[PDB]
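Single-structure report; data block below.
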Amino acid sequence: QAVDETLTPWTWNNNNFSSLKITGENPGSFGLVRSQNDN
Amino acid sequence: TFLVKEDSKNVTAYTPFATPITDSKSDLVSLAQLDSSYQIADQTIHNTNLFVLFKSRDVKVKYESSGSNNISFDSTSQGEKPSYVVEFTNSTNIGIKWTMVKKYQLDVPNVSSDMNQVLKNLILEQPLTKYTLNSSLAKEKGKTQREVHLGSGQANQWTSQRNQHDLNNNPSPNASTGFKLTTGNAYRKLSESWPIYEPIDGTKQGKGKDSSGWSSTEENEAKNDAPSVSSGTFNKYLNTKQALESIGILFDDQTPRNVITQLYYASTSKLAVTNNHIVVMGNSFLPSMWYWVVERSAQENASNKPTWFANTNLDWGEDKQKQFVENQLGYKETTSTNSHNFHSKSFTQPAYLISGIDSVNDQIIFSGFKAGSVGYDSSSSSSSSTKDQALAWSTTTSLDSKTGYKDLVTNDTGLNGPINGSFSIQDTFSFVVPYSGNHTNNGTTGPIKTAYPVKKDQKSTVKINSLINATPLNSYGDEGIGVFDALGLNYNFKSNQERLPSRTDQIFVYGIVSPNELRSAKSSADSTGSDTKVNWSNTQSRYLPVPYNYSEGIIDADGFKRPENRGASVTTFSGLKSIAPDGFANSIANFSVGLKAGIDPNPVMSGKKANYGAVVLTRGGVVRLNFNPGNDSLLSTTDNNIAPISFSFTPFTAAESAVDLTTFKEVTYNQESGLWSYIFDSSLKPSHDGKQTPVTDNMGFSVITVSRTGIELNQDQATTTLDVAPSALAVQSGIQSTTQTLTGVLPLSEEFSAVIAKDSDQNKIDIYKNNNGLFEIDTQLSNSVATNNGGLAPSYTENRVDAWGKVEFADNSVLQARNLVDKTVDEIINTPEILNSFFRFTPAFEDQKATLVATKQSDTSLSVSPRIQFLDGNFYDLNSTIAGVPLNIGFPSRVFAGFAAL
Amino acid sequence: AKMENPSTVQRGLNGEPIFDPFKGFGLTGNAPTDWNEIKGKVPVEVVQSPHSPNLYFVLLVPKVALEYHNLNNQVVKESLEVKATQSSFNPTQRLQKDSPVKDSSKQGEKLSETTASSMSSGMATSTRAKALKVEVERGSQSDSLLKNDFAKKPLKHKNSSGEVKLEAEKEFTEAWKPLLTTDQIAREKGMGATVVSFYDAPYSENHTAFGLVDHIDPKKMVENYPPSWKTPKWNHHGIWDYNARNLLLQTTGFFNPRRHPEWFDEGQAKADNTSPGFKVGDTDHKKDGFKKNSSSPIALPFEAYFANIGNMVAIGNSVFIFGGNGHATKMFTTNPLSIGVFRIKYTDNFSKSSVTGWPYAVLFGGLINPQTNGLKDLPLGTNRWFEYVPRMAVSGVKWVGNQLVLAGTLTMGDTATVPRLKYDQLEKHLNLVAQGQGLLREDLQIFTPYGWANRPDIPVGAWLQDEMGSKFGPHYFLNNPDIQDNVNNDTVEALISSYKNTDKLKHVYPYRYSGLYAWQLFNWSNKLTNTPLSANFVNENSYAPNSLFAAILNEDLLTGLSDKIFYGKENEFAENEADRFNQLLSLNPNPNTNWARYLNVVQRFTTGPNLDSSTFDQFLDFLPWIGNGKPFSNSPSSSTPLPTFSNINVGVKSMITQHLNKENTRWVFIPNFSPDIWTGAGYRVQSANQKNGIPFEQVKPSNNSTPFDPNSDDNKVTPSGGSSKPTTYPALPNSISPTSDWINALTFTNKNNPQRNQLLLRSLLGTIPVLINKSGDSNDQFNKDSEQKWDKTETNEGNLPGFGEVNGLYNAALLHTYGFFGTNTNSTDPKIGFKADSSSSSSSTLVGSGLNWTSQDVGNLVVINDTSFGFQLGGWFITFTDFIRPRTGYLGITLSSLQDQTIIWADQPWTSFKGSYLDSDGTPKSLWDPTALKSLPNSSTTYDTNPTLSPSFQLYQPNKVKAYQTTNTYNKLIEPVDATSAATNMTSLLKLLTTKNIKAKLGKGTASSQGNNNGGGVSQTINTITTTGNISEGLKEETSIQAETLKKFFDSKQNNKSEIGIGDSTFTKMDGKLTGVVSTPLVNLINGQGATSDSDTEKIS
């Protein structure tokens, strides 16, 4: 569940959304990520 | 706490449970010492006082052309029944007991010399009928400008002759003057009595101004045509006894009373409330000369006479609007001193199709349509060419008028002499004159000159007197110019198509009124003899076209019109056809009703107080009326180019447009939420058709709701001032019925509201939600509330889910389980977090929760009082009292034992 | 996939979530069920609900979308079929080109001229032909009537090698087909999207907790379509127009699969005419017209449904999914997109939910011109029948300030095929016949005026009353307003009035209606009128988004609206033609139906800058083309290139005063003492001495029977009095050019607002087509000198085709702007251009622009502030600077271009953009990955295929035209020749129809363009001052027209593109395999790198 450097941030070509600017009490973002594995 | 009329003589207090309260249905006629012939018009709450305005069937007002008191009640026929507005107050031990507070009379208008003389030869067109046909509205055209100026045999020398006839550079040799009054829709004097027969077509039928002819044989012919109770013909006339009675015009069996009495009864229609004033206004259905401005401190027998609209000069928006409006009344210098007219005596548009009245922050607001007033000839000999005719002409702005709404309204066309006629341009027909000033097909050739269409030879021998048009329109003449102006089909050909303001026809009147000028109106009413006019400033008027699509054939409103639109079959009233589904058989004469001002409940930035936007209904589209409370004036922007920011007409859709507009009953402004609601029920519709057929849709009600969207003023400092007119947006709520007849309305809460209706002498309860405007019926909850034991509130049971859910107080040993025995009684009492833990409550809907309050029964054991909300949001208990009456609900108060003393 | 034993929140009894800040959200031990079919769904989106506390959603989309583009093409089949096609490539060999013919068995059923004209006290007399009597009476019969004049069908399909008709089972050997049908995706769970409410605990041992799991059911779309949508092959007209479409071999209905198969769960399999929901084809004419089984309903297939997911936002207690953008399932030419909005609500404090979705048609029904400050008369409105099919390309609905904004693009109602074709004129109008039939998915709007009908909506039975056409067919004739009858009083009340029409009977009038494409549309196109729900003449719904869009949607209203929708009687179609004959635009809906509630939801909308008329196309002239950066005008630095879009300073000045009636014009359309306007290119005149107006030499002789013959006994009318006069105007306008511009002659102008907006969209994209004669081949080179004399465009020297060119622009100027001839594009002149050869007939066609920036392209809506916003479109960056708060005198929008040439010209330049955001500095950016350019799957396999697909490759048909007269070229319309078999003779011309060949010729076909090696960096839109886009001084100056005055303003500020709002986005190069961005309120980081540790507050703990 901890951070895994293998998986990488990305963005899908239907919405292209991987960074929600969060505000309120715990600012940040629900970082959307996928493995950069090609092949 | 809820007060609404079941019938015309009783109001009752209704609980938030939608349960009528026993011994609360007060018979107002008995209460205010009023004879049973009276009836209650409408109620307005202000500082917790159910003010009322009373109207009666027995009212009888006589009219005379001689004597100072030309207008007075029909005393000689036991008919003097002046209307009264009664202040109210429930000053008691907090209880449902209405009592008289102040009984204020509504006095007859006082007629001074000049307006007396004008009224002596004044006539009023018979009213709108819910079955009225456009053909009935229109009626035979009259002789044209040149044909009346140089008579016949005047062609081929128009250019050389029009100069000496104060019509230099006139480009329209076929300018119309109006419609002949020889035959068609009836016109009658105030002394005269209105016919119950409206001619089906104005091309052939009717008798109009010829009262003697109307009496001679047209009376019998029309009665034979459409007799008053299907083998009948009804081919040239339609009896309108039933329609007239339904629309609020009282009859002597078949015949009506005199026009003066009809106008009095019609004007006693609506009431407004101000901290220092309470003003009365006339119903929208038919116009109103006069209105009442009454100080609240007056005596119980105060002779509170009204004030004529003529006595109060409105503000149309521009000095040029004022000039164009006043010019087309009648010839300035008649020289036949006896033939007094509105223009000859420096008067103003006297007849307003008043939509509705309301007051907010002690500021009253009025809106509606402006009825046409024009001169007529009373010569009848040698009879003049124009004699027996209407003197009217649409004063549309010319095509060449430059950009800028202010310029459109300030252009010179249509000052005094008619200019709009038949013309041909490019691949279409701009009925509007394509020229103004000196602009012509060859360029500047001489500014256009115009004057009132009356030949000077008959100036010394023309008997001119004013009339009144019972509709907003001005020139009923069967012509494309008038038809297009009415239906909104004229657009200027420029790249940026600008709508043409029809200057003095189908105009809209609106604008707040200040208490200071209301006091000025009172003082003007006080003045008698030498009448003193009044001026209104915070008021404005702009043209409001009737919905164009209501007319068959017309599809797309534009400037490049289809060739077929030039044909008389679809560019003339008689040929015109109406597809309007709004309960109106016509498609030209507009109608509006149901203004209700309100304060926007949403937050306003600091430094600027709450913003309030007035809204007035109108068929085919609603308009918001916006103001800036910084100066409490009409909302406006510096740029004269753009239209006045205060007004923004928003068109309707099929569903809400089809909502018949002859069913306005009440308006409930849900202040906290900020959403209006215009309730409508088919019961108010006439019982029988014009063709005498019974009405098959007299049962069924629904509502129309208004919200606010777009951009609002003073939300933050960025929008402190605006440049786009804020716009309302009418919608269809969902509360509708086809058989049920409503008893009352209930704006219960932000998220809930209720309705009650009677269909088969049984009360129907349908509690509704409110999702910011849209209401939905919840049967699972509506059925439960019925379990009221015939009482004010529903009962609670622990076997099924009802309006109050399923509350299950924890076991008697919850104290033992939660270690609360060790803690002190004072601690548990002063621990709201722990208090709620004594029970598990399952809500039956949103915004419902159960709680507890500090209570004591014994040191070892203390009871707990269950306190729960309802759809209204008000927490309830055995101690809940409204109007001093405990609500005696019957909560079981759980008792827990095991309280220590450490 | 690999999270073990997750749990949902241990809510309270009434639904509250128990969340101790440290002990964390209370777990239930077990997470929401369906682990097997939900663990396998990628998270593509995540949203916050600000109304409720700390609530969050994740958008679970199936991964077949993620790998969609990599699946075998055999299953995912492109709409266009190529195969070996080793026979050159004939763009017309897939178009049904045979015209209809008169039948030899039903001659007597043609519409019959009325018995005797109704005098009706008629003082006016007309010598022309007399009207036709058209009436349909219910009578008494179940499947028939007593008389059906509409159902007369004199014409028939040519019996050429069998019947010519649209029928998929042999007009599509390998037809386009979806993957999963609507019902299939609904029943299947693991393969469908899903939205899950859950909870995050950044500082609790229970880091994450879950709420509810909710699916998106296309069954809600299916149940929430208006009933009419079930029968798109029909329409409100449905009877005469249906037969006309049959006979002309064109669209059946308004949204048939033939022209739009993406939304048909059978795909192109129903690309036919049979089964329109009404009886059709039956012998007895009265028999046809009654409803029957409808086997062509509109649903949400796999591709459209996946395009219907993306950019969802939540408000209050309910959530909306406003649709994707289609790229995930966008193949090379087929264009799926989001069709109907989705809504989700939640009950008892997020304890339970209902799944529902709506059609965007009812959302957008309530549109009127007063709303928008942009272009007017757009094809946006609708009527009580929702035969209008909107579909939004979503830039991302964002809570911009205090208002909710939806922006991007949507598909206008098709304004191209609004005209029709004369029955015997299908083999010489290849351009528009293909544009309509469905073998040309190109949505720009072509100019072929010769063969239009007098009305596009004349019933077929009224076409052959004058079959020869020598009499000129008052009821039916090829459109040519040179002969248009006067609207004079006597003329109208003599020709049309006397033929009064009752409810049961409507009169087709002999009056010669006519007018060029502009009048044709202003009559029979769904232009927006001040009253909404006011579009009666709706033809069809366009191919791909050609309308930039940005509107404001009522948050409170949309929250209030109910999930399910109920339809009244009027929503479905007319029961029978007896009722249809008297159709209304307004009727009383049954109060027990909630469909019309959803109507007035759109606060406003805009597509371009708040400009009107030819000034807007002057702006179009100003905007530059990324393919070279040179603006279209090219004027800065006598046979010089002329402006192509704007006709100002083109040709010569003609007087509107001499046009048509010659009466009441000096101060109508021009507020100047001298109404001087520029006739544009392609114009004609008598001679240099006399130019204003043209005498009626536009006479059209059908046969060699002498000219149109005005003043003839029939051609002149006689009102009461016998003063015989002609009904045809004296002097006609001097331009029927493809760029014809007429403020006054609204029947001769061609610069309509559909033209204006579609050209805005596809010129911002940069892929506007061209029309060519000569390629770069030796001995077939359209050299510049001695054959391009711009100053003289009346003759053939101007090289104006006048047939096949896209309406609203000039071919020679357009190609100079491109650089197909000259140094604008390539070092060596490509020697590609159009010649107006007079030696013999000229064959020609259109081709792509080389660029391939498709139209569904959209960024992510970056909210700059509460007063402006924008995104990236194609290679440009728009910014709706003055949309929410438009200001008088401001242009309305600001633009930024793209730098990387390799990115510009690459095959698929939208496998490059990887999301957009607002940089904390105050100016958004977008990502570029040149190594990620997903070009075509194969280089035509290995053999060079003349047809090679691409985003913007379409079957641009040939246009072969008669020889041109050397002088006075365009007195009349340039007649076309039978061009059906002209493909094989223009192999070189069609070689340029492929973008790969185009770039090969241009010299930018490979990495040879030089410059940046790959250009992998971040691009930033230009900083925009609040005054940016100001044209306050540019407007007004009423001494002459707004178009010319702003043209002069631009010519005084042409070299200052920054001020107007035109520029190239600043680019910064940083090495890295860029794949995305991450966002923090302090600063958004790129690719997940750039770890920060609160530099400012380092010394606090």
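Protein chains in written order, with the deposited numbering: chain A, 59 to 97; chain B, 27 to 255, 261 to 412, 416 to 936; chain C, 146 to 782, 789 to 1252.
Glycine included, C-beta positions come from ideal geometry on N, C-alpha and C.
Straight across, the Cα-Cα distance linking B:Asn569 with B:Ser377 is about 13 Å. The criterion of a C-beta distance shorter than 8 Å is satisfied by C:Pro442 and C:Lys375.
The C-beta of C:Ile1015 comes no closer than 8 Å to any C-beta of chain A. Cβ contact annotation for C:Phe1201 (same chain, cutoff 8 Å, sequence separation greater than five): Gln763, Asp766, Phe767, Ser778, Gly1185, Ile1211, in chain order.
Taken through DSSP and simplified to helix, strand or coil, B:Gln293 comes out as helix.
DSSP, read as helix, strand or coil, puts B:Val85 in coil.
One alpha carbon belongs to C:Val187, the other to C:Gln1161, and they sit about 40 Å apart. Residue-level contact check: A:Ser93 does not touch chain C, since none of the beta carbons of chain C fall below 8 Å from its beta carbon. Counting other Cβ atoms within 10 Å of its Cβ, B:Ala692 reaches 16 or more and is therefore classed as buried. Three or more pairs of CB atoms, one per stretch, sit closer than 8 Å, so the stretch 497-509 of chain C contacts the stretch 350-369 of chain C. Sequence-distant partners of C:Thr479 (beyond 5 residues in either direction) whose C-beta falls short of 7 Å from its own C-beta, in its chain, are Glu223, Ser224, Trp321, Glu407. Among the residues of the stretch 544-556 of chain C, none has a Cβ less than 7 Å away from any Cβ of chain A. Restricted to the stretch 690-761 of chain B, the beta strand (DSSP E) segments that are unbroken, complete and at least 3 residues in length are 698-701, 710-715, 735-743, listed in chain order. DSSP, reduced to helix, strand and coil, places B:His72 outside both helices and strands of the structure shown, so it counts as coil.
If you check the CB distance, B:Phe99 and B:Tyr510 do not come in under 8 Å. By DSSP's assignment, C:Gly502 forms a beta bridge with C:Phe487. Under the Cβ distance rule, A:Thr69 counts among the residues neighbouring chain C, one pair being separated by less than 8 Å. Beta-bridge partners assigned by DSSP to B:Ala274: none are found. In this structure, the beta-carbon distance from B:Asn372 to B:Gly406 falls below 8 Å.
Counting other Cβ atoms within 10 Å of its Cβ, B:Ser117 stays below 16 and is therefore classed as exposed. For the stretch 1049-1083 of chain C, no residue has a beta-carbon sitting nearer than 7 Å to a beta-carbon of chain B.
Look at C:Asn646 here: in three-state DSSP terms it is coil, with no helix or strand label. Listed in chain order, the beta strand (DSSP E) runs fully inside the stretch 946-1019 of chain C are 993-998, counting runs of at least 3 residues.
Annotation for C:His352: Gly169, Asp345, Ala346 place their beta carbon closer than 8 Å to its own, counting only its chain and skipping 5 residues before and after. Apart from sequence neighbours up to five positions away, the residues of its chain that approach C:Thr318 with a beta-carbon distance below 8 Å are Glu226, ordered along the chain. At a cut-off of 8 Å between beta carbons, C:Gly705 contacts chain B. B:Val30 places its beta carbon less than 8 Å from that of B:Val779. Using a Cβ-Cβ cut-off of 8 Å, A:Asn97 does not count as an interface residue toward chain C, since no Cβ of chain C sits closer than that to its own.
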